Amino acid sequence: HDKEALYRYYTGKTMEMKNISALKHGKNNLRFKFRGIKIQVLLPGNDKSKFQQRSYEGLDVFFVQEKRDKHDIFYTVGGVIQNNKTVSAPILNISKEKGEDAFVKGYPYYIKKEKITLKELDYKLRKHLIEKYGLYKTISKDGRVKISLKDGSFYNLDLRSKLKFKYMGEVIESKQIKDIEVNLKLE
């Protein structure tokens, strides 16, 4: 059930929308139209300090469909960067053998943007693992992804659940990413 829900979520509708103008709706949403589609973005509580005005121009939005309602409003969470510019090539390394075998393959993973939300990085990394290695399709959801930055900061993502909404606004400077360690089939 949860494995299938993850498969569906991480292969769902997404759009990268560049140079967006948007208006605040209520205290913690943004609204805009893109190609005529009504988009409402929930701003996670952690990111309130960045969004202290009523209208915006030049936003970069990574849309992931959480739902579409009766009125054809399409809802997404976080994924907004105010001043983005569009190559970072951190090494992605994968460990995917059953049991002890420590065999690992590392290769460059390309990021075109100067800044990237944890939301977009999480999503695209999972889609990569779904498509290349069968994550949630032919292998289990028991894995982890550790994104390390040059200063020693890191984000450890649990592949057994969806990224939480509260973390979908975090912005990462793409050139700071040192490496991405993926451990799969953790039993």
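**Brief notes about the pattern of salt bridges**
A side chain of one charge can pair with a side chain of the opposite charge if their charged atoms are brought near each other.
Phase 1: Taken as a whole and assessed by the stated rule, the structure comprises 14 salt bridges.
Phase 2: Taking the shortest distance from any N to any O, the salt bridge between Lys113 and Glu120 comes out at 2.6 Å.
Phase 3: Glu120 sits in the buried class, given a relative accessible area of 2%.
Phase 4: One salt bridge connects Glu120 with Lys124, and the closest N-O pair in it is separated by 3.1 Å. Residue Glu120 and its partner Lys124 are located together in helix α2 (residues 118–133), separated by four residues, close to a single helical turn.
Phase 5: Here the salt bridges share partners, and the residues they tie into one network are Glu16, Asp60, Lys113, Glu120 and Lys124.

**Thoughts on helix α1 (residues 2–9)**
Phase 1: Burial in α1 covers these residues: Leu6, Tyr7 and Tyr9. Angular distribution of buried residues about the axis of α1 spans 170°; they occupy a single face of the element.
Phase 2: Contacts made by the buried residues of α1 are with β4 (55–64) and α2.

**Things to note about the domain arrangement of the protein**
Phase 1: The domain architecture assigned to the protein consists of domain 1 (1–11 + 84–187) and domain 2 (12–83).
Phase 2: Taking the mean C-alpha position of each, domain 1 and domain 2 sit 23 Å from one another.
Phase 3: Domain 1 puts 22 residues into the contact, and the matching count from domain 2 is 22 residues.
Phase 4: In this assembly, domain 1 packs against domain 2 so that about 1,700 Å² is buried in total across both faces, 55% of it on carbon and sulfur atoms.
Phase 5: Looking at the side of domain 1 facing domain 2, the largest losses of area belong to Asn84, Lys119 and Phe165, adding up to 30% of the total buried there.

**Describing the sheet that holds strand β5 (residues 67–68)**
Phase 1: In spatial order, the strands read β5-β6-β3-β2-β1-β4-β7; together these seven strands make up an open sheet with mixed pairing. What marks the edges here is a single partner per strand, and that holds for β5 and β7 (80–81).
Phase 2: Sheet topology note: the β5/strand β6 (residues 73–77) ladder contains two bridges and is antiparallel. The partner of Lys67 across the bridge, within β6, is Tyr75.
Phase 3: Against the sheet, α2 makes contact with β1 (14–25), β4 and β6, and its axis sits at roughly 25° relative to β4, the strand it touches most.

**Digging into the nonpolar core**
Phase 1: If you look at the biggest cluster of nonpolar residues, it comprises 36 residues, and the most contacted ones within it are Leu121, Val145, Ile147 and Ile180.
Phase 2: Put simply, the parts of the chain that give this core at least two residues each are α1, β4, β8 (91–95), α2, β11 (144–149), β12 (154–158) and β14 (177–183).
Phase 3: Element by element, the count of residues in this core is highest for α2, at seven residues.
Phase 4: Two domains each donate at least three residues to this core, and these are domain 1 (1–11 + 84–187) and domain 2 (12–83).
Phase 5: Setting aside residues no more than four positions away along its own chain, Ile180 makes contact with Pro90, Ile91, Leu92, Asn93, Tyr109, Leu125, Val145, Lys146 and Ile147.
Phase 6: Judged by nonpolar contacts, the second largest core, of 16 residues, contains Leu30, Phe32, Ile39 and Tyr56.

Conventions and cut-offs
Numbers attached to residues count from 1 within each chain as its sequence is written and can disagree with those in the entry; no residue without coordinates is shown. Water and hydrogen atoms were dropped before computing side-chain values, which therefore reflect all heavy atoms in the structure. Salt bridge, as used here: a side-chain nitrogen of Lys or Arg that lies within 4 Å of a carboxyl oxygen of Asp or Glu. Partly exposed describes any residue whose relative accessible area lies between the buried limit of under 20% and the exposed limit of over 50%, with all areas from a 1.4 Å probe on protein chains only and scaled to the type maximum. In DSSP terms, a helix is any run of H or I states spanning at least four residues, a strand is any run of E spanning at least two, and both are numbered starting from the N terminus. Directions drawn from the helix axis to the C-beta atoms are what define this arc. The criterion used for residue contact is that any of the two residues' heavy atoms lie within 4.5 Å. Each domain's limits were defined by an automated method or a database of domain assignments. Defined here as a combined quantity, buried area equals the accessible surface (1.4 Å probe) lost by two parts on assembly, summed across both. Pairs of strands are assigned from DSSP output, requiring at least two bridges between the strands. Angles here are taken between N-to-C directions and fall from 0 to 180 degrees, while the axes themselves are lines fitted to C-alpha atoms, restricted in helices to the stretch in contact. The criterion is simple. A nonpolar core is a set of buried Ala, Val, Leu, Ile, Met, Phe, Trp, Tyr and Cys residues joined through side-chain atoms within 4.5 Å.

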